[PDB]
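Below: entry.txt (compact mmCIF, C-alpha atoms)
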# COMPACT_ATOMS: atom_id res chain seq x y z
CA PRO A 1 134.82 -90.55 34.58
CA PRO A 2 131.91 -88.35 35.69
CA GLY A 3 128.76 -89.94 36.96
CA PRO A 4 125.58 -90.08 34.89
CA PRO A 5 122.91 -87.38 35.06
CA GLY A 6 120.84 -87.03 38.12
CA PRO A 7 117.19 -87.99 38.24
CA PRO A 8 114.49 -85.76 36.76
CA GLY A 9 113.24 -82.87 38.80
CA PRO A 10 109.85 -82.84 40.52
CA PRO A 11 106.68 -81.98 38.63
CA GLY A 12 105.97 -78.33 38.11
CA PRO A 13 103.40 -76.19 39.93
CA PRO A 14 99.68 -76.27 39.09
CA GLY A 15 98.36 -74.18 36.23
CA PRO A 16 96.15 -71.12 36.88
CA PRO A 17 92.40 -71.15 37.27
CA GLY A 18 90.34 -71.40 34.15
CA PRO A 19 88.32 -68.59 32.69
CA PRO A 20 84.93 -67.53 34.02
CA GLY A 21 81.93 -69.58 32.99
CA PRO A 22 79.18 -68.34 30.68
CA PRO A 23 76.31 -66.19 31.79
CA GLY A 24 73.41 -68.02 33.47
CA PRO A 25 70.07 -68.29 31.73
CA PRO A 26 67.90 -65.26 31.26
CA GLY A 27 65.30 -64.43 33.90
CA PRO B 1 140.01 -89.47 41.95
CA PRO B 2 136.79 -91.21 41.58
CA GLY B 3 135.27 -88.83 39.04
CA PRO B 4 133.06 -85.85 39.78
CA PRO B 5 129.25 -85.97 40.13
CA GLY B 6 127.33 -86.16 36.88
CA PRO B 7 125.30 -83.30 35.52
CA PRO B 8 121.90 -82.31 36.74
CA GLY B 9 118.95 -84.45 35.59
CA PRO B 10 116.30 -83.20 33.21
CA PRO B 11 113.45 -80.93 34.38
CA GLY B 12 110.44 -82.65 35.82
CA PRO B 13 107.21 -82.86 33.87
CA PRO B 14 104.55 -80.16 33.76
CA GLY B 15 102.37 -79.61 36.84
CA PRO B 16 98.72 -80.58 37.02
CA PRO B 17 95.96 -78.41 35.51
CA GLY B 18 94.68 -75.45 37.46
CA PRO B 19 91.25 -75.40 39.08
CA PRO B 20 88.04 -74.54 37.21
CA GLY B 21 87.39 -70.85 36.73
CA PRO B 22 84.96 -68.72 38.63
CA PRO B 23 81.26 -68.87 37.97
CA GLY B 24 79.82 -66.80 35.16
CA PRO B 25 77.64 -63.74 35.72
CA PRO B 26 73.86 -63.78 36.08
CA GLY B 27 71.72 -64.08 32.95
CA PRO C 1 135.65 -95.38 39.78
CA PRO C 2 132.92 -93.22 38.20
CA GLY C 3 131.52 -90.21 39.99
CA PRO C 4 128.11 -90.31 41.59
CA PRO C 5 124.94 -89.42 39.73
CA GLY C 6 124.32 -85.73 39.41
CA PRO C 7 121.81 -83.67 41.34
CA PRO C 8 118.11 -83.75 40.54
CA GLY C 9 116.85 -81.60 37.68
CA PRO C 10 114.71 -78.54 38.29
CA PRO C 11 110.93 -78.55 38.72
CA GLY C 12 108.92 -78.84 35.60
CA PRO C 13 106.88 -76.01 34.09
CA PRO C 14 103.45 -75.03 35.28
CA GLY C 15 100.51 -77.07 34.24
CA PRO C 16 97.85 -75.84 31.93
CA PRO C 17 94.94 -73.64 33.00
CA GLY C 18 91.86 -75.26 34.41
CA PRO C 19 88.59 -75.36 32.43
CA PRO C 20 85.97 -72.64 32.47
CA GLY C 21 83.85 -72.14 35.54
CA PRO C 22 80.23 -73.09 35.71
CA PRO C 23 77.47 -70.91 34.27
CA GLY C 24 76.26 -68.01 36.37
CA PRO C 25 72.88 -68.05 38.03
CA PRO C 26 69.76 -67.25 36.02
CA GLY C 27 68.71 -63.62 35.71
CA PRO D 1 135.30 -99.98 26.41
CA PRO D 2 132.73 -98.84 28.90
CA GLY D 3 129.66 -101.07 28.77
CA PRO D 4 126.59 -101.12 26.60
CA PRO D 5 123.91 -98.40 26.97
CA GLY D 6 121.24 -98.97 29.54
CA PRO D 7 117.67 -99.68 28.54
CA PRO D 8 115.04 -97.07 27.64
CA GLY D 9 113.39 -95.35 30.53
CA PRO D 10 109.81 -95.96 31.68
CA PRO D 11 106.80 -94.38 29.97
CA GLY D 12 106.00 -90.82 30.85
CA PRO D 13 102.94 -89.80 32.81
CA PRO D 14 99.51 -89.51 31.22
CA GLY D 15 98.61 -86.31 29.51
CA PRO D 16 96.19 -83.81 31.09
CA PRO D 17 92.40 -83.98 30.66
CA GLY D 18 90.87 -83.04 27.35
CA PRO D 19 88.94 -79.88 26.77
CA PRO D 20 85.31 -79.45 27.80
CA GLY D 21 82.58 -80.81 25.52
CA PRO D 22 80.34 -78.51 23.52
CA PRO D 23 77.24 -76.86 25.02
CA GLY D 24 74.22 -79.06 25.13
CA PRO D 25 71.20 -78.97 22.89
CA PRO D 26 68.55 -76.25 23.18
CA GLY D 27 65.68 -76.76 25.64
CA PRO D 28 62.07 -77.26 24.45
CA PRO D 29 59.51 -74.66 23.32
CA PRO E 1 132.95 -98.74 33.81
CA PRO E 2 129.13 -98.76 33.18
CA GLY E 3 127.77 -97.78 29.83
CA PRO E 4 125.92 -94.53 29.25
CA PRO E 5 122.29 -94.23 30.39
CA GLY E 6 119.64 -95.51 28.03
CA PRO E 7 117.37 -93.21 26.07
CA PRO E 8 114.25 -91.59 27.59
CA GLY E 9 111.20 -93.76 27.71
CA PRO E 10 108.19 -93.58 25.40
CA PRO E 11 105.47 -91.00 25.87
CA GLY E 12 102.75 -91.58 28.45
CA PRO E 13 99.15 -92.35 27.42
CA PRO E 14 96.55 -89.76 26.58
CA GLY E 15 94.89 -88.01 29.43
CA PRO E 16 91.33 -88.60 30.48
CA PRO E 17 88.30 -87.03 28.83
CA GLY E 18 87.42 -83.43 29.50
CA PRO E 19 84.38 -82.36 31.43
CA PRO E 20 80.94 -82.02 29.93
CA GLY E 21 80.10 -78.75 28.22
CA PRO E 22 77.58 -76.36 29.92
CA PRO E 23 73.85 -76.56 29.41
CA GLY E 24 72.33 -75.65 26.08
CA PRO E 25 70.28 -72.49 25.58
CA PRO E 26 66.67 -72.16 26.72
CA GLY E 27 63.76 -73.31 24.78
CA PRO F 1 128.32 -103.51 32.45
CA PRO F 2 125.23 -101.82 31.04
CA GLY F 3 124.49 -98.22 31.92
CA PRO F 4 121.41 -97.32 33.92
CA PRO F 5 117.94 -96.95 32.40
CA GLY F 6 117.05 -93.67 30.77
CA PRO F 7 114.65 -91.23 32.40
CA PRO F 8 110.90 -91.38 31.93
CA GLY F 9 109.40 -90.39 28.63
CA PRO F 10 107.45 -87.17 28.11
CA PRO F 11 103.81 -86.80 29.15
CA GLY F 12 101.16 -88.25 26.91
CA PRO F 13 98.85 -86.02 24.82
CA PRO F 14 95.76 -84.36 26.20
CA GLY F 15 92.69 -86.55 26.50
CA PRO F 16 89.63 -86.42 24.30
CA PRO F 17 86.97 -83.71 24.55
CA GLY F 18 84.21 -84.16 27.11
CA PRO F 19 80.63 -84.87 26.08
CA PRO F 20 77.98 -82.26 25.25
CA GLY F 21 76.33 -80.51 28.15
CA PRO F 22 72.77 -81.11 29.24
CA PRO F 23 69.78 -79.60 27.52
CA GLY F 24 68.82 -76.11 28.39
CA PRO F 25 65.43 -75.44 30.03
CA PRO F 26 62.10 -74.85 28.15

How does the structure come out when it is put into structure tokens?
Amino acid sequence: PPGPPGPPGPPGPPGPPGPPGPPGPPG
Amino acid sequence: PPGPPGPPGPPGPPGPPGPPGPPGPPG
Amino acid sequence: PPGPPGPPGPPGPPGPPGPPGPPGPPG
Amino acid sequence: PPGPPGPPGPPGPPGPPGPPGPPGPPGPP
Amino acid sequence: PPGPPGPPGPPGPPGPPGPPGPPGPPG
Amino acid sequence: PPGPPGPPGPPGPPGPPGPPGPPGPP
């Protein structure tokens, strides 16, 4: 009979950078 | 025959989060 | 006998985006 | 008869971090 | 011959807390 | 004999929200 499934693959790549932060405080 | 190799394993889990975003603009 | 285990699965999906960047500098 | 099923696999990995908290409170007058 | 593989394991625990939010608005 | 163990479970849920940020300035 065939063998069982192989092991899981490696983790995926990192996600992208987050969005820009908010404006700084007013001058 | 021994049987054939089993099927591929499942995909790995999701990658880690991305880095923080860029700084915001000046106030 | 049984076949060997299968090959590894594929890499997982990308992670989520990172969090927002820090606030900009003051005006 | 092949044998009995194997046991359940190990727990998965932790989830990713939660979202950022809300902005802080306003500064003083 | 060996039995089939067991079922996938249980889910992992919740992730860690997110980061603090950004500073509040000026006084 | 028994088959091998299953693969790992799925990832857990996202964590809780972070705390509020600091106070703004005056």

Top pick for closest residue to residue 12 of chain D, considering B:12, B:2, B:7, B:20 and counting all atoms listed in the file
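Checking each candidate against residue 12 of chain D, we get B:12 as the closest.
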
Shell around residue 24 of chain E at 7 Å using all atoms listed in the file, local window under 4 positions removed, as an MDAnalysis selection string:
(chainID D and resid 23:27) or (chainID F and resid 21:24)

Rank F:26, F:20, F:2, F:14 by their smallest atom-to-atom distance to residue 18 of chain D, using all atoms listed in the file, and report the top residue only.
F:14

Hey, can you check how far atom CA of residue 6 of chain B sits from atom CA of residue 5 of chain C?
4.9 Å

Atom CA of residue 1 of chain A to atom CA of residue 13 of chain B, straight-line distance in Å:
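Distance reported for this atom pair: 28.7 Å.
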
Polymer residues at most 12 Å from (105.3, -94.0, 33.4) by all atoms listed in the file, as a list in words
residues 13 of chain B; 8, 9, 10, 11, 12, 13, 14 and 15 of chain D; 8, 9, 10, 11, 12, 13 and 14 of chain E; 7, 8, 9, 10, 11 and 12 of chain F
